[PDB]
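Report on the structure given below.
Computed from the coordinates by the stated procedures, all read-outs in this text should not be read as laboratory data. Quick reminder, even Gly has a Cβ in these numbers, built from the backbone with ideal geometry, and neighbours come from all protein chains shown.
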2 protein chains.
Amino acid sequence: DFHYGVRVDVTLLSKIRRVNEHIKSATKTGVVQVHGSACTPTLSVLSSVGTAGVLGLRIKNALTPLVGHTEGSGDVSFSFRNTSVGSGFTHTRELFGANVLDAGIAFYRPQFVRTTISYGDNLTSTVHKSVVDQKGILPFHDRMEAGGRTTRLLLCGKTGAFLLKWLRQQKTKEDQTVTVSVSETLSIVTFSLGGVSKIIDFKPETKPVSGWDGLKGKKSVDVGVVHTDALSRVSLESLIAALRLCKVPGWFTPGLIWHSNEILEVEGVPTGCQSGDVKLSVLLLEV
Amino acid sequence: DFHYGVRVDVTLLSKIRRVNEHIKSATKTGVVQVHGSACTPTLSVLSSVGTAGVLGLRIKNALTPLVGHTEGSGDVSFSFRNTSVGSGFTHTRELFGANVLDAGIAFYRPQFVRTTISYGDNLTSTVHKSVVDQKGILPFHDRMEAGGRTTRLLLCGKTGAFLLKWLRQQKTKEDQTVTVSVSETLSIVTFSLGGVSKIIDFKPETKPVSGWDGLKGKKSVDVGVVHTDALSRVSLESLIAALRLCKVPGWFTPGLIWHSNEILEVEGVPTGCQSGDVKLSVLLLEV
């Protein structure tokens, strides 16, 4: 019983390919998910990053369901690994392949997944079957649109690169916990590790803003919003990778957000104009 | 019309896996072939090596044909690339996979190839279809058993490693032609390149021998057979790789053979006892 299938908009994925090539090593061992409404589900990839971080690439409107699916009108949630064990098959690698003509993903019994890839020469194809076994990993990203007032920071290229150079030169063989804090009194965020610190000041926006709109901005000055002092102590490896993964040239630039729920999020803030169906971020877990 | 299929003895390939892992980068872009009798065909992989060399791994008795094939009793010859263009599918990579449970290759119209792989979890599988388009590359290896008297050389580990160290330290960015010659008068083989040479002497066997049996031997002395002076001028890149590819620890050790037909062959001479169904060599083309 073929309960649910979807056709993959490969043309859309091509335009987004650059984002996938930048995060590919981090997501090779990841989890691929198909979730949201049965009508227009989201395609997303997740994977751990360093000791306590979680990457999430989420692509809306890249899928069209096949007519005659049993379970409709409500939601959908299929979660599997993109690289099945033993295999030489990486879903996202092939979904984003350059020489890909068409692609589809089917589900059936919710324990099995079939991905069909059709290559350039209108002749070569691959049909990979596997198990849907990552039900524990939820699609917990394209959410929490309300609330607003959150403590967030957006650093420019110059400051952002300088912050990264500094971070990695503190790195050793073993991981360390970095405490990141934000002062509302002084408009300052400090990175503290071992016995050294990095201080960065920012211009706080008076006007009440939401998300990142109205903080760009990032030409030569560092901007931020803060309503309570914040303090987080996250994994250094996760931080480096997070800041490196969300810096996608011609696409995203890192933004830090302090969630009410102990979580520091590194988010790719769109620098361009063709990443509307895409969200990229890394949740840094409190250590 | 499913004209011809074969079941792959993965258990046998496992025991041989070590040979495949050593030549994998050289064969990634290679050609896979199924040839010989329809009853027991040979599985082999070919690929160029440097500017003018041809690697050939050939495995006998690793295949069992499926009952009901149209064309029988006579021979078979199917030649395709192991990495189809655009794909993330390498036949040999998956045929030799560790977590492989079973595998089969089918042919049908002689233009199409299907390889079915079944992984460890008796659940994951891959079905890759492609085109049989390398008809020009013939299976020209497990042949020429007669003739005999050929000029051949077998160097020990010490001499062989010293020869390789010397070769690669002559290497530059650009390739050069190395002339390799053999003197019957003096039992000596010399490697000449640019303006430097390496001289190696060997003990020639009186007793008339065939193939490599009766020249092993390779404990601490270099052995050889020569009936006419030989001179070859092959590609240096090809020579290095050839000597490096045919040196498989616990399996093969390089042997040089001067064929009557302008061709210098670098052959993996079995060092062990479990490589009976396998032949590995590289044909060095005259430059």
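Residues of segment A:120-139 with amide nitrogen under 19 Å from the 7 Å Cα-to-Cβ point of A:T11?
Residues A:120-122 qualify, since their backbone N sits under 19 Å from the label point.
Cα-Cα over 20 Å: which of B:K165/B:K247; A:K24/B:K129; B:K158/B:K219; A:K158/A:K216?
From the list (B:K165/B:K247; A:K24/B:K129; B:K158/B:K219; A:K158/A:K216), the Cα-Cα distance tops 20 Å for A:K24/B:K129.
Using θ = phi - 60° and the Karplus curve 6.51 cos²θ - 1.76 cosθ + 1.60, what whole-Hz ³J(HN,Hα) does each residue of segment B:201-217 get, with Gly and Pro shown as x?
Going residue by residue, I get 9, 9, 8, x, 7, 5, 2, x, 10, 9, x, 9, 3, x, 7, 9, x Hz, with x marking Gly and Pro.
Could you check the simple spin-label distance between B:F140 and A:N122, using points 7 Å along Cα→Cβ, in nm with one decimal?
Distance between label points: 3.6 nm.
Which distance in Å, rounded to a whole number, links the C-alpha centroids of segment A:136-201 and segment A:26-48?
About 26 Å separates the Cα centre of segment A:136-201 from the one of segment A:26-48.
Would you kindly state how much longer the chain becomes between A:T172 and A:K198 on full extension, computed as 0.36 nm times their sequence separation minus their alpha carbon distance, in nm to one decimal?
Here the segment from A:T172 to A:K198 would lengthen by 7.6 nm.
With N denoting the number of residues in segment B:175-255, provide Rg(C-alpha) divided by 2.2 N^0.38 Å, to two decimal places.
Its radius of gyration relative to the 2.2 N^0.38 Å reference: 1.17.
Could you work out the local net charge near A:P41, counting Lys and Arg as +1, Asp and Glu as -1, over the other residues with Cβ closer than 14 Å to its Cβ?
-2
So what are the ³J(HN,Hα) numbers for segment A:151-168, from phi and the Karplus equation (6.51, -1.76, 1.60; θ = phi - 60°), rounded to whole Hz, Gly and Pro as x?
Values per residue, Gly and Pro as x: 7, 9, 9, 10, 9, 6, x, 3, 4, x, 6, 5, 5, 6, 3, 5, 4, 4 Hz.
With each run of n ≥ 4 DSSP H residues scored as -39500 (n - 2.57), what mean residue ellipticity at 222 nm is computed for chain B after dividing by its residue count and rounding to the nearest 500 deg cm²/dmol?
On the way: 4 runs with 45 residues, N = 287.
Taking each H run of at least 4 residues, the total per residue is -5000 deg cm²/dmol.
Is there a quick way to get the dipole size of chain A? I mean about its Cα centre, with the Cβ of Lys and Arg at +1 and of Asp and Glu at -1; what is the value in debye to the nearest 20?
For this selection, approximately 720 debye.
In square nanometres, what is the average projected area of the Cα convex hull of chain A?
Answer in nm², one decimal: 16.4.
Can you compute the FRET efficiency between A:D277 and A:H3 using 1/(1 + (r/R0)^6), with r the Cβ-Cβ distance and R0 = 25 Å? Round to the nearest 0.05.
Working from the Cβ atoms, E equals 0.45.
From largest to smallest, what semi-axes in whole angstrom does segment B:72-210 give when each is the square root of 5 times an eigenvalue of its alpha carbon gyration tensor?
Listed largest to smallest, the semi-axes of segment B:72-210 are 43, 22, 17 Å.
Mind giving me the nanometre distance, one decimal, between the label points for B:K219 and A:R233, set 7 Å out from Cα along Cα→Cβ?
6.7
Given segment B:1-156 reduced to its alpha-carbon atoms as identical point scatterers, what log10 I(q)/I(0) does the Debye formula return at q = 0.09, 0.13, 0.15, 0.19 Å⁻¹?
For the requested q values the scattering log ratios are -0.30, -0.62, -0.82, -1.28.
From the Cα trace of segment A:147-287, what convex hull volume per residue do you get, rounded to a whole Å³?
109
Rg and Dmax of segment A:130-181, using alpha carbons, in Å: what are they?
17.8, 45
Distances longer than 43 Å among the Cα atoms of the protein assembly as shown: what percent of all pairs is that? Working shown, then result.
Working: 66478 of 164451 pairs.
Roughly 40 percent, once rounded to a whole number.
If you count, for every residue in B:121-134, the Cβ atoms of partner chains within 10 Å of its Cβ, what is the mean? Don't skip to the answer; put the middle values down first.
Numbers: counts 6, 0, 7, 11, 8, 10, 7, 7, 7, 6, 3, 0, 2, 0.
Counting other chains' Cβ atoms within 10 Å and averaging over B:121-134 gives 5.
Per-residue HN-Hα couplings for segment A:98-103, Karplus 6.51 cos²θ - 1.76 cosθ + 1.60 at θ = phi - 60°, whole Hz, x for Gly and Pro?
For segment A:98-103, the Karplus curve yields 5, 7, 8, 8, 7, 7 Hz.
Can you give the mean number of other chain Cβ atoms that lie within 10 Å of the Cβ atoms in peptide B:92-105? Walk me through the numbers on the way to the answer.
Details: counts 0, 1, 4, 0, 0, 3, 1, 4, 2, 1, 0, 0, 0, 0.
Other-chain Cβ atoms within 10 Å of each residue's Cβ, averaged: 1.
Trypsin sites (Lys or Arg not before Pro) within segment B:188-272: which are DSSP loop residues with at most 10 other Cβ atoms inside 10 Å?
On the way: sites: B:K198, B:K216, B:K218, B:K219, B:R233, B:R244, B:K247; in loops: B:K216, B:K218, B:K219, B:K247.
Qualifying residues, ordered by number: B:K219.
Find out how many positive minus negative residues lie around A:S125, taking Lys and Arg as positive, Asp and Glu as negative, among other residues whose Cβ is under 13 Å from that of A:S125.
Net charge around A:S125: 0.
How big is the dipole moment of the protein assembly as shown about its Cα centre under a simple scheme where the beta carbon of each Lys and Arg is +1, that of each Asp and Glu is -1, and everything else is neutral? Debye, nearest 20, please.
Using only the charged Cβ atoms, the result is roughly 1020 debye.
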